[PDB]
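Student: Below is the file model.tsv, which contains TSV, C-alpha atoms and all ligand atoms.
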chain	number	residue	atom	x	y	z
I	1	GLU	CA	140.72	133.28	101.90
I	2	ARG	CA	139.06	132.84	98.50
I	3	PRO	CA	141.17	131.48	95.59
I	4	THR	CA	140.70	132.64	92.00
I	5	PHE	CA	137.82	130.96	90.15
I	6	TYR	CA	137.76	130.35	86.40
I	7	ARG	CA	134.75	129.42	84.23
I	8	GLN	CA	134.23	126.66	81.64
I	9	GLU	CA	131.28	125.10	79.81
I	10	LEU	CA	131.28	121.32	80.30
I	11	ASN	CA	127.95	119.56	80.97
I	12	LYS	CA	125.81	122.21	79.20
I	13	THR	CA	126.36	124.38	82.29
I	14	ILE	CA	129.29	126.69	83.10
I	15	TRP	CA	131.49	125.27	85.87
I	16	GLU	CA	133.11	127.89	88.09
I	17	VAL	CA	135.78	126.08	90.09
I	18	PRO	CA	138.98	127.29	91.80
I	19	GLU	CA	142.16	127.43	89.66
I	20	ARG	CA	143.82	124.48	91.44
I	21	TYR	CA	141.50	122.10	89.61
I	22	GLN	CA	142.65	121.58	86.02
I	23	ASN	CA	141.90	119.32	83.03
I	24	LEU	CA	138.20	118.92	83.80
I	25	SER	CA	136.67	116.13	81.76
I	26	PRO	CA	133.05	114.87	82.13
I	27	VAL	CA	132.65	111.27	83.36
I	28	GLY	CA	128.86	110.93	83.81
I	29	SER	CA	126.19	111.49	86.45
I	30	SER	CA	126.85	115.77	86.86
I	31	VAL	CA	130.45	114.79	87.59
I	32	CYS	CA	133.83	115.70	86.04
I	33	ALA	CA	137.29	114.22	86.48
I	34	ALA	CA	139.96	116.82	87.26
I	35	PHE	CA	143.57	117.12	88.39
I	36	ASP	CA	144.17	118.73	91.74
I	37	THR	CA	147.46	120.59	91.24
I	38	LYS	CA	147.33	121.48	94.95
I	39	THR	CA	147.52	117.80	96.03
I	40	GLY	CA	148.63	115.84	92.92
I	41	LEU	CA	145.47	113.76	93.12
I	42	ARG	CA	142.94	112.87	90.46
I	43	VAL	CA	139.59	114.06	91.72
I	44	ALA	CA	135.88	113.75	91.09
I	45	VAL	CA	134.05	117.07	91.23
I	46	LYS	CA	130.27	117.05	91.42
I	47	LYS	CA	128.11	120.06	90.55
I	48	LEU	CA	124.58	119.91	91.91
I	49	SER	CA	121.71	120.71	89.53
I	50	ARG	CA	119.41	123.46	90.85
I	51	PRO	CA	120.13	122.89	94.57
I	52	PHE	CA	117.52	125.41	95.81
I	53	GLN	CA	114.80	125.31	93.15
I	54	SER	CA	112.31	123.85	95.67
I	55	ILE	CA	112.05	122.99	99.39
I	56	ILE	CA	112.81	119.34	98.50
I	57	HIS	CA	115.88	120.19	96.42
I	58	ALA	CA	117.18	122.56	99.10
I	59	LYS	CA	116.67	119.93	101.82
I	60	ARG	CA	118.27	117.17	99.70
I	61	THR	CA	121.26	119.47	99.02
I	62	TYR	CA	121.66	120.01	102.76
I	63	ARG	CA	121.17	116.30	103.40
I	64	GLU	CA	123.89	115.33	100.88
I	65	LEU	CA	126.36	117.89	102.23
I	66	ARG	CA	125.62	116.80	105.81
I	67	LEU	CA	126.13	113.10	104.97
I	68	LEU	CA	129.46	113.56	103.14
I	69	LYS	CA	130.95	115.88	105.78
I	70	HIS	CA	130.27	113.34	108.54
I	71	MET	CA	131.65	110.30	106.74
I	72	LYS	CA	135.32	109.58	107.49
I	73	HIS	CA	136.20	105.97	106.69
I	74	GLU	CA	138.42	104.12	104.18
I	75	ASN	CA	135.43	102.28	102.73
I	76	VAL	CA	133.14	105.28	102.44
I	77	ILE	CA	133.41	108.11	99.91
I	78	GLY	CA	134.92	111.08	101.77
I	79	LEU	CA	134.91	114.80	101.03
I	80	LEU	CA	138.23	116.32	99.90
I	81	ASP	CA	136.71	119.74	99.35
I	82	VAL	CA	133.47	121.63	98.89
I	83	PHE	CA	133.25	125.11	97.39
I	84	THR	CA	131.08	127.83	95.90
I	85	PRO	CA	132.25	130.82	93.80
I	86	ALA	CA	129.76	132.93	95.77
I	87	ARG	CA	131.20	135.42	98.28
I	88	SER	CA	128.02	136.01	100.32
I	89	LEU	CA	124.88	134.06	101.27
I	90	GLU	CA	123.02	136.53	99.02
I	91	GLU	CA	124.88	135.25	95.93
I	92	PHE	CA	124.88	131.58	97.03
I	93	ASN	CA	123.34	129.33	94.38
I	94	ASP	CA	125.90	126.69	93.34
I	95	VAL	CA	127.40	123.80	95.34
I	96	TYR	CA	130.45	121.79	94.22
I	97	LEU	CA	131.66	118.63	96.00
I	98	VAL	CA	135.12	117.06	95.61
I	99	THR	CA	136.27	113.50	96.30
I	100	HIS	CA	138.74	110.91	94.96
I	101	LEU	CA	138.25	109.89	91.36
I	102	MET	CA	137.65	106.13	91.52
I	103	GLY	CA	138.86	103.72	88.81
I	104	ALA	CA	135.85	101.44	88.33
I	105	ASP	CA	132.47	100.50	89.74
I	106	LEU	CA	131.74	96.90	90.71
I	107	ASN	CA	129.75	96.30	87.50
I	108	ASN	CA	132.90	96.81	85.42
I	109	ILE	CA	134.99	94.26	87.35
I	110	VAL	CA	132.30	91.53	87.46
I	111	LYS	CA	131.76	91.70	83.65
I	112	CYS	CA	129.45	88.61	83.32
I	113	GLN	CA	132.32	86.35	84.47
I	114	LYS	CA	133.06	84.84	87.90
I	115	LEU	CA	135.65	85.99	90.49
I	116	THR	CA	137.91	83.98	92.84
I	117	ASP	CA	136.70	83.26	96.39
I	118	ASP	CA	139.56	85.32	97.90
I	119	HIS	CA	138.54	88.31	95.73
I	120	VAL	CA	134.89	87.97	96.85
I	121	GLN	CA	136.00	87.81	100.50
I	122	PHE	CA	137.98	91.04	100.28
I	123	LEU	CA	135.21	92.90	98.43
I	124	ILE	CA	132.33	91.80	100.65
I	125	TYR	CA	134.51	92.41	103.75
I	126	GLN	CA	135.05	96.03	102.64
I	127	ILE	CA	131.37	96.72	101.92
I	128	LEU	CA	130.49	95.28	105.35
I	129	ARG	CA	133.18	97.34	107.08
I	130	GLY	CA	131.83	100.43	105.31
I	131	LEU	CA	128.23	99.51	106.19
I	132	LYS	CA	129.01	98.96	109.87
I	133	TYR	CA	130.42	102.51	110.15
I	134	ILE	CA	127.45	103.96	108.23
I	135	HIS	CA	124.92	101.98	110.32
I	136	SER	CA	126.60	102.89	113.63
I	137	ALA	CA	125.53	106.48	112.86
I	138	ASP	CA	121.93	105.35	112.12
I	139	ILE	CA	122.35	106.08	108.44
I	140	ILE	CA	120.95	103.58	105.96
I	141	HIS	CA	122.23	103.50	102.36
I	142	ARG	CA	118.79	102.35	101.07
I	143	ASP	CA	120.12	101.85	97.49
I	144	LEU	CA	123.21	99.60	97.56
I	145	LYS	CA	124.17	98.12	94.18
I	146	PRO	CA	127.27	97.42	92.00
I	147	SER	CA	127.31	100.83	90.30
I	148	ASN	CA	127.40	102.45	93.80
I	149	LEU	CA	130.51	100.55	94.77
I	150	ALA	CA	133.70	102.03	93.43
I	151	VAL	CA	137.13	100.41	93.47
I	152	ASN	CA	140.77	101.36	92.82
I	153	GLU	CA	143.46	99.17	91.17
I	154	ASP	CA	144.47	97.28	94.33
I	155	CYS	CA	140.74	96.46	94.75
I	156	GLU	CA	140.26	98.93	97.60
I	157	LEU	CA	136.57	99.81	97.79
I	158	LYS	CA	134.43	102.87	98.60
I	159	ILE	CA	130.65	103.15	99.00
I	160	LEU	CA	128.93	106.09	97.19
I	161	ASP	CA	125.39	107.57	97.24
I	162	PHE	CA	124.37	106.54	100.82
I	163	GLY	CA	121.31	108.02	102.58
I	164	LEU	CA	119.99	109.83	99.52
I	165	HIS	CA	114.67	107.06	92.29
I	166	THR	CA	111.45	107.97	90.46
I	167	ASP	CA	108.57	105.65	89.45
I	168	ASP	CA	109.61	104.68	85.88
I	169	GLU	CA	113.35	104.10	86.42
I	170	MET	CA	112.37	101.43	88.98
I	171	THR	CA	110.18	99.73	86.33
I	172	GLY	CA	110.82	96.64	84.21
I	173	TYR	CA	114.05	94.75	83.64
I	174	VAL	CA	116.39	97.15	85.41
I	175	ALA	CA	119.47	96.84	87.66
I	176	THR	CA	118.00	99.70	89.68
I	177	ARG	CA	115.55	97.37	91.44
I	178	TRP	CA	117.36	93.99	91.48
I	179	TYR	CA	119.21	94.68	94.83
I	180	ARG	CA	116.21	96.00	96.72
I	181	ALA	CA	114.93	94.29	99.87
I	182	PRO	CA	111.40	93.10	99.15
I	183	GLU	CA	110.02	95.13	102.13
I	184	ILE	CA	111.15	98.41	100.54
I	185	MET	CA	110.54	97.29	96.94
I	186	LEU	CA	106.91	96.60	97.87
I	187	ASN	CA	106.51	99.12	100.75
I	188	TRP	CA	105.58	96.46	103.30
I	189	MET	CA	106.59	98.37	106.40
I	190	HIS	CA	108.68	100.95	108.17
I	191	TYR	CA	112.05	99.49	107.13
I	192	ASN	CA	115.25	99.06	109.15
I	193	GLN	CA	119.02	99.07	108.53
I	194	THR	CA	119.02	95.49	107.22
I	195	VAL	CA	117.57	96.53	103.87
I	196	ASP	CA	121.27	97.12	103.09
I	197	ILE	CA	122.34	93.61	104.16
I	198	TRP	CA	119.77	92.23	101.72
I	199	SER	CA	121.59	94.21	99.01
I	200	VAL	CA	125.00	92.86	100.06
I	201	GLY	CA	123.58	89.32	99.78
I	202	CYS	CA	122.36	90.08	96.26
I	203	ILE	CA	125.78	91.55	95.36
I	204	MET	CA	127.75	88.69	96.99
I	205	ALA	CA	125.67	86.09	95.09
I	206	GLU	CA	126.33	87.87	91.79
I	207	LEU	CA	130.07	88.02	92.60
I	208	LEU	CA	130.24	84.28	93.24
I	209	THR	CA	128.20	83.20	90.20
I	210	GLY	CA	128.85	86.10	87.78
I	211	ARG	CA	125.07	86.34	87.38
I	212	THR	CA	122.31	88.57	88.79
I	213	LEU	CA	120.60	86.80	91.69
I	214	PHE	CA	117.09	88.22	91.27
I	215	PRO	CA	116.84	89.66	87.68
I	216	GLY	CA	113.09	90.47	87.73
I	217	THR	CA	111.27	91.69	84.59
I	218	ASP	CA	109.13	93.79	86.95
I	219	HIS	CA	108.20	94.17	90.62
I	220	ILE	CA	105.93	91.10	90.78
I	221	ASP	CA	108.23	88.89	88.76
I	222	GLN	CA	111.16	89.83	91.01
I	223	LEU	CA	109.06	88.96	94.08
I	224	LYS	CA	108.33	85.50	92.63
I	225	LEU	CA	112.07	84.90	92.01
I	226	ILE	CA	112.78	85.90	95.62
I	227	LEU	CA	110.10	83.65	97.21
I	228	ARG	CA	111.23	80.74	95.04
I	229	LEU	CA	114.60	80.92	96.71
I	230	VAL	CA	113.80	81.90	100.31
I	231	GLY	CA	110.27	80.53	100.65
I	232	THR	CA	106.94	82.24	101.19
I	233	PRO	CA	106.48	84.15	104.49
I	234	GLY	CA	105.09	82.49	107.63
I	235	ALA	CA	102.59	83.86	110.16
I	236	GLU	CA	105.02	85.99	112.19
I	237	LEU	CA	106.24	88.05	109.17
I	238	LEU	CA	102.76	88.50	107.66
I	239	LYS	CA	101.67	90.29	110.86
I	240	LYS	CA	104.56	92.77	110.54
I	241	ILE	CA	103.53	93.86	107.02
I	242	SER	CA	101.52	97.02	107.74
I	243	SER	CA	100.03	97.60	104.26
I	244	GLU	CA	96.85	95.49	104.11
I	245	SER	CA	96.81	95.43	100.29
I	246	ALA	CA	100.36	94.01	100.24
I	247	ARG	CA	99.60	91.48	103.01
I	248	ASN	CA	96.53	90.36	101.08
I	249	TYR	CA	98.55	89.96	97.85
I	250	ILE	CA	101.31	87.78	99.42
I	251	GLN	CA	98.51	85.68	100.98
I	252	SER	CA	97.33	85.00	97.41
I	253	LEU	CA	100.62	83.28	96.57
I	254	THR	CA	101.03	79.50	96.56
I	255	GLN	CA	103.19	78.51	99.55
I	256	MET	CA	106.82	77.69	98.83
I	257	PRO	CA	109.56	76.28	101.10
I	258	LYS	CA	113.10	77.73	101.39
I	259	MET	CA	115.49	76.15	98.87
I	260	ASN	CA	118.83	74.50	99.60
I	261	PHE	CA	121.46	77.22	99.02
I	262	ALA	CA	124.20	74.55	98.66
I	263	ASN	CA	122.30	73.26	95.63
I	264	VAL	CA	121.78	76.78	94.21
I	265	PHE	CA	125.37	77.99	94.57
I	266	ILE	CA	127.05	74.75	93.48
I	267	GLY	CA	130.80	74.61	94.10
I	268	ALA	CA	130.91	77.62	96.42
I	269	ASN	CA	132.71	77.83	99.75
I	270	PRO	CA	130.23	76.43	102.35
I	271	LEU	CA	131.02	79.43	104.60
I	272	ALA	CA	129.90	81.73	101.75
I	273	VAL	CA	126.66	79.75	101.45
I	274	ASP	CA	126.04	79.90	105.21
I	275	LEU	CA	126.66	83.69	105.25
I	276	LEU	CA	124.33	84.03	102.22
I	277	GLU	CA	121.56	82.18	104.09
I	278	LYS	CA	121.86	84.64	106.99
I	279	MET	CA	121.76	87.73	104.75
I	280	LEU	CA	118.97	86.56	102.48
I	281	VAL	CA	116.29	86.23	105.13
I	282	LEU	CA	112.84	87.60	104.33
I	283	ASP	CA	112.04	88.89	107.83
I	284	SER	CA	114.31	91.91	108.33
I	285	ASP	CA	114.41	91.55	112.18
I	286	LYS	CA	116.14	88.18	111.69
I	287	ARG	CA	118.64	89.20	109.00
I	288	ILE	CA	122.28	89.30	110.14
I	289	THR	CA	123.81	92.77	110.78
I	290	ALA	CA	127.09	94.14	109.34
I	291	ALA	CA	128.74	93.86	112.79
I	292	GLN	CA	127.67	90.23	113.17
I	293	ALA	CA	128.50	89.38	109.52
I	294	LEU	CA	132.04	90.72	110.01
I	295	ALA	CA	132.61	88.19	112.82
I	296	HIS	CA	131.38	85.34	110.57
I	297	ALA	CA	134.00	82.63	109.84
I	298	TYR	CA	133.94	83.44	106.07
I	299	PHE	CA	136.11	86.54	106.75
I	300	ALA	CA	138.60	85.00	109.23
I	301	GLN	CA	141.61	86.23	107.22
I	302	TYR	CA	140.42	89.85	107.09
I	303	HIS	CA	138.45	90.28	110.34
I	304	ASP	CA	140.08	92.48	112.99
I	305	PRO	CA	137.71	93.85	115.71
I	306	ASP	CA	140.06	96.74	116.58
I	307	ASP	CA	140.20	97.92	112.94
I	308	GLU	CA	136.46	98.18	112.26
I	309	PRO	CA	135.46	101.61	113.61
I	310	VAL	CA	132.03	103.05	114.39
I	311	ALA	CA	130.93	106.54	113.38
I	312	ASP	CA	130.65	109.64	115.55
I	313	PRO	CA	127.05	110.54	116.45
I	314	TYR	CA	125.00	111.79	113.50
I	315	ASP	CA	122.34	114.41	114.28
I	316	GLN	CA	119.58	114.08	111.72
I	317	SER	CA	116.92	116.04	113.63
I	318	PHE	CA	116.71	118.20	110.49
I	319	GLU	CA	114.99	115.32	108.62
I	320	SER	CA	111.63	115.94	110.34
I	321	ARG	CA	112.01	119.72	110.26
I	322	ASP	CA	110.05	121.99	107.90
I	323	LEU	CA	112.01	125.02	106.71
I	324	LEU	CA	111.69	127.55	103.87
I	325	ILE	CA	114.06	127.38	100.85
I	326	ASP	CA	116.00	130.37	102.22
I	327	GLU	CA	116.41	128.59	105.55
I	328	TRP	CA	117.69	125.36	103.91
I	329	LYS	CA	120.03	127.54	101.79
I	330	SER	CA	121.37	129.32	104.88
I	331	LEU	CA	122.08	126.05	106.73
I	332	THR	CA	123.84	124.70	103.63
I	333	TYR	CA	125.96	127.87	103.31
I	334	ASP	CA	127.16	127.51	106.93
I	335	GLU	CA	128.22	123.92	106.23
I	336	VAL	CA	130.14	124.97	103.07
I	337	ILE	CA	131.90	127.86	104.87
I	338	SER	CA	132.92	125.81	107.90
I	339	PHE	CA	134.28	122.76	106.04
I	340	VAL	CA	137.85	121.80	106.90
I	341	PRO	CA	139.82	119.77	104.33
I	342	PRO	CA	141.37	116.49	105.55
I	343	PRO	CA	145.19	116.13	105.85
I	401	LIG	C1	133.37	104.56	89.09
I	401	LIG	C2	133.79	105.82	88.35
I	401	LIG	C3	134.57	105.40	87.11
I	401	LIG	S1	134.85	106.62	86.01
I	401	LIG	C4	136.31	107.36	86.33
I	401	LIG	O1	134.90	105.99	84.72
I	401	LIG	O2	133.82	107.63	85.99
I	401	LIG	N1	134.59	106.68	89.21
I	401	LIG	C5	134.02	107.59	90.04
I	401	LIG	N2	134.75	108.24	90.99
I	401	LIG	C6	134.16	109.13	91.82
I	401	LIG	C7	132.80	109.40	91.70
I	401	LIG	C8	132.12	110.36	92.55
I	401	LIG	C9	130.79	110.60	92.38
I	401	LIG	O3	130.08	111.50	93.15
I	401	LIG	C10	130.62	112.36	94.07
I	401	LIG	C11	130.27	112.19	95.41
I	401	LIG	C12	130.81	113.04	96.36
I	401	LIG	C13	131.67	114.07	95.98
I	401	LIG	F1	132.17	114.86	96.93
I	401	LIG	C14	132.02	114.25	94.63
I	401	LIG	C15	131.48	113.38	93.68
I	401	LIG	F2	131.78	113.51	92.38
I	401	LIG	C16	130.07	109.92	91.39
I	401	LIG	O4	128.85	110.13	91.24
I	401	LIG	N3	130.70	108.99	90.56
I	401	LIG	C17	129.92	108.28	89.53
I	401	LIG	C18	132.08	108.73	90.72
I	401	LIG	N4	132.70	107.84	89.91
Starting from the coordinates I provided, produce the structure as structure tokens.
Tutor:
Amino acid sequence: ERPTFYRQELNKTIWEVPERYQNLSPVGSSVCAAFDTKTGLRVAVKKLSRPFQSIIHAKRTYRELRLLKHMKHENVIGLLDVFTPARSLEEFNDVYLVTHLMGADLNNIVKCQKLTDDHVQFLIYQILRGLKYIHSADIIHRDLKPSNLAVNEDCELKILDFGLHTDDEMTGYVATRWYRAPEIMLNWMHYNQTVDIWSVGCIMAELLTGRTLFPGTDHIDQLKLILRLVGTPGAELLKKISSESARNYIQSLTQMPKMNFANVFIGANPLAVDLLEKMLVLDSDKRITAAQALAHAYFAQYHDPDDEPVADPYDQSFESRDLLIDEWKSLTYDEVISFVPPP
């Protein structure tokens, strides 16, 4: 049955959460840290802003809830709890999500400086293990980056924000665009799962060197940095770019050959370099997958084929379905009500 709910103003809104959650303190984007007296765990509790203000919001709310309920994996943010203080569907208008409070994002550990090769192995291994599970369910993260990768004190890693930016926040000299596969940055085509492997490659590079790999001052500048490294596209890839405007623009660019990665990442483990060359491939059909990357020699100390699970089938037929706000709300309510907390 329904626990007692208390109220509290925190992020300029009043948070009505069950009594078990105490010592709520804001931590950013809205999310609060709290202590779960019921489990003894420190938790992150997320309140969604106007979940059913439009069709899009209602759908996105349902999407998020659906994604987090499905995901059960060490390297993927999992749901400890979801609640609403509403007793009926008629009163339903607030959704709260609960997970582990994580110590630090990847940005905070990197801190301009380099990391040891063993550290980089463990961290990239965990992202890839997470990604393989996510991808096995035909879910793409689409926005992998250091601030989306959260870590504990033993350097155990979870992926956040999978499967879920405006026009201006993607503009200029911003970490929001630096990890984006050029196909999706420039809308070249219907994009596949390997957009995420491009992001891993960006992240891995930064971990080895302590520096951003493609720190573009804008979309076009970032593209130039990318083609400098990996070379301009050949005939086969140009055909695959569906946007004619985009195809025509690349075809304006002076041809450049792929660089020597050994000479770019001086001093780095040659297995790292090799792996990097397979991730940072312009044509997305030819990029290495998370499954294949996990069997690469670079991870020989961590790789265990029987300890790298795939996800249960994910039904996302809802994605191409047009419902009314009320209908999205009703679906979301059923998912809240039916949730079963993990052991
Ligand atoms: C990396 C931060 C460091 S700290 C303690 O300084 O804030 N730790 C952390 N730990 C957990 C989260 C969880 C989130 O979103 C959630 C995602 C799912 C959920 F069920 C609940 C959530 F709060 C979410 O956006 N962020 C930014 C989180 N951040």
Student: Tell me which protein, DNA and RNA residues are within 8 Å of residue 227 (chain I), counting only C-alpha atoms, leaving out same-chain ones fewer than 4 positions away, and put them as a list in words.
Tutor: residues 223, 231, 232, 256 and 258 of chain I
Student: Could you tell me how far CA of residue 291 (chain I) sits from CA of residue 266 (chain I), in Å to one decimal place?
Tutor: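 Distance reported for this atom pair: 27.2 Å.
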Student: Between I:294, I:336, I:150, I:170, which one has atoms that come closest to residue 124 (chain I), using all atoms listed in the file?
Tutor: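 Among I:294, I:336, I:150, I:170, it is I:294 that comes nearest to residue 124 (chain I).
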Student: In terms of the shortest atom-to-atom distance over only C-alpha atoms, which of I:229, I:273, I:71, I:159 is closest to residue 310 (chain I)?
Tutor: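 Nearest to residue 310 (chain I): I:71.
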Student: Select, from I:252, I:8, I:171, I:243, the residue with the minimum atom-to-atom distance to residue 221 (chain I), counting all atoms listed in the file.
Tutor: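 When distances to residue 221 (chain I) are compared using all atoms listed in the file, the smallest one comes from I:171.
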Student: With distances taken over all atoms listed in the file, which of I:128, I:106, I:97, I:325 is nearest to residue 302 (chain I)?
Tutor: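 Counting all atoms listed in the file, the residue closest to residue 302 (chain I) is I:128.
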Student: Hey, which residues sit close to ligand LIG 401 (chain I)? Say within 6 Å, counting only C-alpha atoms and all ligand atoms, and write them as an mmCIF file with C-alpha atoms, keeping the file's coordinate frame.
Tutor:
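So pocket_32.cif came out as:
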data_model
loop_
_atom_site.group_PDB
_atom_site.id
_atom_site.type_symbol
_atom_site.label_atom_id
_atom_site.label_comp_id
_atom_site.auth_asym_id
_atom_site.auth_seq_id
_atom_site.Cartn_x
_atom_site.Cartn_y
_atom_site.Cartn_z
ATOM 1 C CA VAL I 27 132.650 111.270 83.360
ATOM 2 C CA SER I 29 126.190 111.490 86.450
ATOM 3 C CA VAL I 31 130.450 114.790 87.590
ATOM 4 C CA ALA I 44 135.880 113.750 91.090
ATOM 5 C CA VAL I 45 134.050 117.070 91.230
ATOM 6 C CA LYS I 46 130.270 117.050 91.420
ATOM 7 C CA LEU I 79 134.910 114.800 101.030
ATOM 8 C CA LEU I 97 131.660 118.630 96.000
ATOM 9 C CA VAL I 98 135.120 117.060 95.610
ATOM 10 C CA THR I 99 136.270 113.500 96.300
ATOM 11 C CA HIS I 100 138.740 110.910 94.960
ATOM 12 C CA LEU I 101 138.250 109.890 91.360
ATOM 13 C CA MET I 102 137.650 106.130 91.520
ATOM 14 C CA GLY I 103 138.860 103.720 88.810
ATOM 15 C CA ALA I 104 135.850 101.440 88.330
ATOM 16 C CA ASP I 105 132.470 100.500 89.740
ATOM 17 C CA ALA I 150 133.700 102.030 93.430
#
Student: Considering all atoms listed in the file, state which residue in the set I:2, I:177, I:47, I:69 is at the smallest distance from residue 95 (chain I).
Tutor: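 Selected residue with least distance to residue 95 (chain I): I:47.
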Student: Please determine, counting all atoms listed in the file, which residue among I:24, I:226, I:77, I:120 has the shortest atom-to-atom distance to residue 158 (chain I).
Tutor: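 Going through I:24, I:226, I:77, I:120 one by one, the smallest distance to residue 158 (chain I) is for I:77.
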Student: For residue 21 (chain I), list every protein, DNA or RNA residue within 12 Å, evaluated using all atoms listed in the file, and leave out those in the same chain fewer than 6 positions away; present the list as number ranges by chain.
Tutor: I: 3-8, 15, 32-45, 81, 83, 96, 98
Student: For CA of residue 307 (chain I) and CA of residue 125 (chain I), determine how far apart the two atoms are, in Å to one decimal place.
Tutor: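 That distance, rounded to one decimal, is 12.1 Å.
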Student: What's the separation between CA of residue 194 (chain I) and CA of residue 237 (chain I), in Å to one decimal place?
Tutor: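 Computed distance, CA of residue 194 (chain I) to CA of residue 237 (chain I), equals 14.9 Å.
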Student: Quick one: everything within 8 Å of residue 201 (chain I), counting only C-alpha atoms, minus sequence neighbours fewer than 4 positions away in the same chain. Send it as a VMD selection string.
Tutor: chain I and resid 197 205 276 279 to 280
Student: What lies within 12 Å of residue 239 (chain I) using only C-alpha atoms, ignoring chain neighbours under 2 positions off, as a PyMOL selection string?
Tutor: chain I and resi 188-189+233-237+241-244+246-248+250-251+283
Student: Name all residues at most 10 Å from residue 208 (chain I) (count all atoms listed in the file; drop same-chain ones fewer than 3 positions away) and give them as a ChimeraX atom specification.
Tutor: /I:110,113-117,119-121,203-205,211,265,267-269,272
Student: Mind completing region 226-237 of chain I with N, CA and C atoms? Output as a PDB file, keeping the file's coordinate frame, please?
Tutor:
ATOM      1  N   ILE I 226     112.367  85.842  94.222  1.00  0.00           N
ATOM      2  CA  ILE I 226     112.780  85.900  95.620  1.00  0.00           C
ATOM      3  C   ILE I 226     112.138  84.800  96.504  1.00  0.00           C
ATOM      4  N   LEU I 227     110.816  84.657  96.422  1.00  0.00           N
ATOM      5  CA  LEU I 227     110.100  83.650  97.210  1.00  0.00           C
ATOM      6  C   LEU I 227     110.425  82.220  96.784  1.00  0.00           C
ATOM      7  N   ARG I 228     110.785  82.046  95.519  1.00  0.00           N
ATOM      8  CA  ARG I 228     111.230  80.740  95.040  1.00  0.00           C
ATOM      9  C   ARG I 228     112.446  80.308  95.821  1.00  0.00           C
ATOM     10  N   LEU I 229     113.383  81.232  96.001  1.00  0.00           N
ATOM     11  CA  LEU I 229     114.600  80.920  96.710  1.00  0.00           C
ATOM     12  C   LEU I 229     114.407  80.789  98.230  1.00  0.00           C
ATOM     13  N   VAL I 230     113.804  81.805  98.846  1.00  0.00           N
ATOM     14  CA  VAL I 230     113.800  81.900 100.310  1.00  0.00           C
ATOM     15  C   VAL I 230     112.506  81.378 100.952  1.00  0.00           C
ATOM     16  N   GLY I 231     111.545  80.988 100.127  1.00  0.00           N
ATOM     17  CA  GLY I 231     110.270  80.530 100.650  1.00  0.00           C
ATOM     18  C   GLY I 231     109.290  81.670 100.864  1.00  0.00           C
ATOM     19  N   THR I 232     108.005  81.323 100.826  1.00  0.00           N
ATOM     20  CA  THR I 232     106.940  82.240 101.190  1.00  0.00           C
ATOM     21  C   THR I 232     106.971  82.547 102.694  1.00  0.00           C
ATOM     22  N   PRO I 233     106.510  83.751 103.080  1.00  0.00           N
ATOM     23  CA  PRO I 233     106.480  84.150 104.490  1.00  0.00           C
ATOM     24  C   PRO I 233     105.536  83.325 105.374  1.00  0.00           C
ATOM     25  N   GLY I 234     105.928  83.157 106.636  1.00  0.00           N
ATOM     26  CA  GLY I 234     105.090  82.490 107.630  1.00  0.00           C
ATOM     27  C   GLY I 234     104.182  83.495 108.319  1.00  0.00           C
ATOM     28  N   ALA I 235     103.583  83.066 109.429  1.00  0.00           N
ATOM     29  CA  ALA I 235     102.590  83.860 110.160  1.00  0.00           C
ATOM     30  C   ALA I 235     103.197  85.098 110.838  1.00  0.00           C
ATOM     31  N   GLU I 236     104.356  84.917 111.468  1.00  0.00           N
ATOM     32  CA  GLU I 236     105.020  85.990 112.190  1.00  0.00           C
ATOM     33  C   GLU I 236     105.351  87.208 111.306  1.00  0.00           C
ATOM     34  N   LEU I 237     105.888  86.958 110.105  1.00  0.00           N
ATOM     35  CA  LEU I 237     106.240  88.050 109.170  1.00  0.00           C
ATOM     36  C   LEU I 237     105.024  88.747 108.570  1.00  0.00           C
TER      37      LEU I 237
END
